[PDB]
Amino acid sequence: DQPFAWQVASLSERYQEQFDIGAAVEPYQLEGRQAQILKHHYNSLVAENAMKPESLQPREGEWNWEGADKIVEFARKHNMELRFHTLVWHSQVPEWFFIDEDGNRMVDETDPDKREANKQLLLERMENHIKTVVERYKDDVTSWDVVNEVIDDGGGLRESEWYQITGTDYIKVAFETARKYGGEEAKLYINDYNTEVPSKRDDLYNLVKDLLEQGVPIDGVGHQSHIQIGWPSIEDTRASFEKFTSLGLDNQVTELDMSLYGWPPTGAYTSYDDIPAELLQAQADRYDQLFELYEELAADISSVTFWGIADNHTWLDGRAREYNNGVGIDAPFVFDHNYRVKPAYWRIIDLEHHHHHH
Ligand SMILES: O[C@@H]1[C@@H](O)[C@H](O[C@@H]2CO[C@@H](O)[C@H](O)[C@H]2O)OC[C@H]1O
Ligand SMILES: O[C@@H]1[C@@H](O)[C@H](O[C@@H]2CO[C@@H](O)[C@H](O)[C@H]2O)OC[C@H]1O
Ligand SMILES: [Ca+2]
Ligand SMILES: [Ca+2]
Ligand SMILES: [Ca+2]
Ligand SMILES: [Ca+2]
Ligand SMILES: [Ca+2]
């Protein structure tokens with residue numbers, strides 16, 4: 001029987017000279033064992049949902065600050081670094097942003113002059129959303145996910161409502177506005193998943209390089225790192241981090257979780273007791289290799305955040321259920337559903353000096 005997470009050496013202390021160790025949280029998790037584990041193992045937080053655009057401003061001028069405020073207060077009280085997730089996204093974004101003042105959907109507008117006005121209105125709404133949020137939290141946030149998931153998996157820019165209405169201008173204006181109100185001190189990140197996939201890595205690199213060349217203030221790349229036991233390779237992860245470091249950008253691992261399954265997560269286990277020990281062992285072997293790579297690149301990585309605390313709360317449960325007729329669980333962390341350490345904990349808390357790789 002494994003010890004509980006509050007009985008073992010701190011992850012954040014183990015990596016304190018190398019990078020932050022963070023967790024995504026909900027306000028209701030800021031009590032009990034989850035809070036105890038947070039304060040022991042992590043020195044950085046991010047809001048899993050409470051700071052997304054639809055959570056904060058679900059209707060225009062309706063500001064829903066309570067959940068986000070509780071996360072900020074917890075970070076203040078326990079002296080934790082705080083990432084802000086996220087200022088601009090095509091999901092969990094309220095639809096009122098994209099409706100003109102006559103009630104019509106901007107994406108449907110055919111008149112060229114009205115499309116140009118819609119672009120100005122949407123950009124101004126985004127500017128005011130950013131200004132309001134940054135002005136409230138600027139003294140508590142260290143790293144900002146300014147834009148999230150703007151690159152398409154099929155190549156090129158994601159053709160969300162943001163892109164259809166403004167082109168790339170929403171990206172430039174979002175960073176410019178975050179810098180304007182957060183100051184030069186604020187660290188501004190573009191965040192995405194599958195940044196290890198070479199075609200997507202290259203699209204992101206080319207977008208960021210072009211923006212940097214226009215003076216857009218981008219400080220780093222957020223690698224969501226929603227990964228698997230068999231994918232992506234350490235080699236492709238290394239190549240991605242190094243490509244963005246070559247532009248002078250910081251790298252953060254922002255939403256790390258390692259699913260037991262492939263994509264999509266078909267054939268999921270429906271009970272934690274059904275998970276074979278050798279799968280958790282394969283997961284431990286992979287986390288070992290992953291965190292050794294992070295150690296090798298520690299000069300280029302400021303922070304590594306897991307998208308959750310322990311296996312009893314992870315969006316990967318919902319993904320399993322979406323692809324297995326409503327049932328299924330996933331177990332992606334180093335702490336299991338009972339808060340007991342997993343094989344993976346032991347394989348990332350130890351200290352190795354000779355890092356092997358391909
Ligand atoms: O909506 C996004 C998902 O589509 C994304 O899912 C990824 C799709 O590409 C696959 O290769 C990945 O395995 C899978 O995780 O996750 C992020 C979410 O915001
Ligand atoms: O509770 C769920 C969240 O955990 C989930 O968080 C998103 C996962 O995909 C990533 O690509 C996003 O950046 C991240 O915000 O969003 C859905 C929600 O139901
Ligand atoms: Ca830091
Ligand atoms: Ca090792
Ligand atoms: Ca570092
Ligand atoms: Ca789970
Ligand atoms: Ca190790």
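Residues numbered from 1 in each chain as written, not as in the entry; some residues may be left out. Chains lettered and ligands numbered in written order. Heavy atoms only, no water.

- Method of determination, as given in the entry header: X-ray crystallography; reported resolution: 1.80 Å.

- In the annotation of the PDB entry, the protein chain is listed under the name Endo-1,4-beta-xylanase A and assigned to Bacillus sp. TAR1.
- For this structure, the PDB entry title reads "Xylanase R from Bacillus sp. TAR-1 complexed with xylobiose".
- In UniProt, the protein chain has this text filed under Catalytic activity: "Endohydrolysis of (1->4)-beta-D-xylosidic linkages in xylans."
- According to UniProt, the comment filed for the protein chain under the heading Pathway is "Glycan degradation; xylan degradation." (UniProt positions renumbered as here; feature names shortened; annotations may be inferred.)

1. Things to note about the coordination of the calcium ion (ligand 4)
- Looking at the calcium ion (ligand 4), one finds its protein donor set to be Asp288 (OD), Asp288 (OD), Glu292 (OE) and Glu352 (OE), positioned 2.3 to 2.9 Å from the metal centre.
- Coordination of the calcium ion (ligand 4) draws on donor residues from a single chain, spaced D-x3-E-x59-E in sequence.
- Here the calcium ion (ligand 4) and the calcium ion (ligand 7) are spaced 4.3 Å apart, and both take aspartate 288 as a donor. Taken together, the positions of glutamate 292 in helix α10 (residues 277–296) and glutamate 352 in the segment after α12 (343–349) put the pair 60 residues apart, joining distant regions of the chain.
- For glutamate 352, a relative accessible area of 23% puts it in the partly exposed group. (Donors = N, O, S within 2.8 Å, 3.2 Å for Na, K, Ca; no water. Helix = DSSP H or I, 4+ residues; strand = E, 2+ residues; numbered from the N terminus. Buried < 20%, exposed > 50% of the residue type's maximum accessible area, 1.4 Å probe, protein only.)

2. Some thoughts on the UniProt feature "active site" in the protein chain
- Summarizing the sequence annotation, UniProt attributes the feature "active site" to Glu149 and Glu255 in the numbering used throughout. Spanning 107 residues, the named residues form one tight spatial group whose C-alpha atoms are at most 12.6 Å apart.
- Setting aside chain neighbours within four positions, we find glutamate 149 in contact with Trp89, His90, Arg158, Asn191, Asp192, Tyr193 and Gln224.
- Locating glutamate 255 in the fold gives a position in strand β8 (residues 250–259).
- With near-sequence residues (within four places) excluded, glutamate 255 lies in contact with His85, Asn191, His223, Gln224, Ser225, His226, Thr305, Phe306 and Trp307.
- Side-chain polar atoms of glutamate 255 contact the side chain of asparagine 191, separated by 3.1 Å. (Contact = heavy atoms within 4.5 Å. Polar contact = N/O pair within 3.5 Å; in protein donor to acceptor, adjacent residues only side chain to side chain.)

3. Comments concerning the site of ligand 2
- Near ligand 2, the surroundings consist of 13 residues, among which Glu48, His85, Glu149, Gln224 and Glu255 are the closest.
- One of the side-chain N or O atoms of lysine 52 is found 2.8 Å from an oxygen atom in ligand 2.
- Between an oxygen atom of ligand 2 and a side-chain N or O atom of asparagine 148, the distance comes to 3.0 Å.
- Of the residues in the shell around ligand 2, the class split is 3 nonpolar, 6 polar and 4 charged. (Near = heavy atom within 4 Å. Nonpolar A, V, L, I, M, F, W, Y, C, P; charged D, E, K, R; others polar.)

4. Looking at helix α2 (residues 32–41)
- What α2 keeps buried is the set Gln34, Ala35, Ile37, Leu38 and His41. One face of α2 carries all of its buried residues, which in axial projection span an arc of 160°.
- Structurally, α2 contributes buried residues whose contacts are with α1 (11–14), β1 (20–25), β2 (44–47), α4 (66–77) and α12. (Arc of directions from axis to C-beta.)

5. What about the coordination of the calcium ion (ligand 6)?
- Around the calcium ion (ligand 6), the protein contributes the donor atoms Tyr272 (OH), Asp311 (O), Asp317 (OD), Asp317 (OD) and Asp330 (O), which lie 2.3 to 2.6 Å from the metal centre.
- When the donor residues of the calcium ion (ligand 6) are listed from N- to C-terminus, their spacing reads Y-x38-D-x5-D-x12-D. Taken together, the positions of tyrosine 272 in the loop between β8 and α10 and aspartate 311 in the loop between β9 (301–306) and α11 (315–322) put the pair 39 residues apart, joining distant regions of the chain. Each member of the pair, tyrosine 272 together with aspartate 311, is buried.

6. Considerations on the UniProt feature "domain: GH10" in the protein chain
- Here the UniProt-annotated "domain: GH10" positions come out as residues 5–350.
- Taken end to end, residues 5–350 is 40% helix and 15% strand, and its two terminal C-alpha atoms sit 15 Å from one another.

7. Points about the side chain of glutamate 196
- Among the secondary structure elements, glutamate 196 is positioned in the loop between β5 (187–192) and α8 (198–213).
- With no salt bridge to any partner, buried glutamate 196 finds its closest opposite charge in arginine 286, at an N-O distance of 7.8 Å.
- Not counting residues within four places of it along the chain, the set of residues in contact with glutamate 196 comprises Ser225, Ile227, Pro232, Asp236, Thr237 and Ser240. (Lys, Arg positive; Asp, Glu negative; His and termini not counted. Salt bridge = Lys/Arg side-chain N within 4 Å of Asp/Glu carboxyl O.)

8. Description of unusual backbone geometry
- The omega torsion of the bond from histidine 85 to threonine 86 falls at 0°, within 30 degrees of zero and hence cis.
- Along the chain, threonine 86 falls in strand β3 (residues 81–88).
- Between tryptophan 263 and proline 264 the backbone carries a cis peptide bond, its omega angle lying at -5°.
- Relative to the assigned elements, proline 264 resides in the loop between β8 and α10.
- If you check the backbone angles, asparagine 325 has positive phi at about 60° while not being a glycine.

9. A closer look at the site of ligand 1
- Inspection of the region around ligand 1 gives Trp89, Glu149, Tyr193, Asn194, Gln228, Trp263, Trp315 and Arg319 as its neighbouring residues.
- At 2.7 Å, a side-chain N or O of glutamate 149 approaches an oxygen atom of ligand 1.
- At a separation of 3.1 Å, an oxygen atom of ligand 1 approaches a polar side-chain atom of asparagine 194.
- Across the complex, the protein chains shield 73% of the 430 Å² of accessible surface that ligand 1 would expose by itself. (Areas by Shrake-Rupley, 256 points an atom, 1.4 Å probe, with all protein chains shown as cover.)

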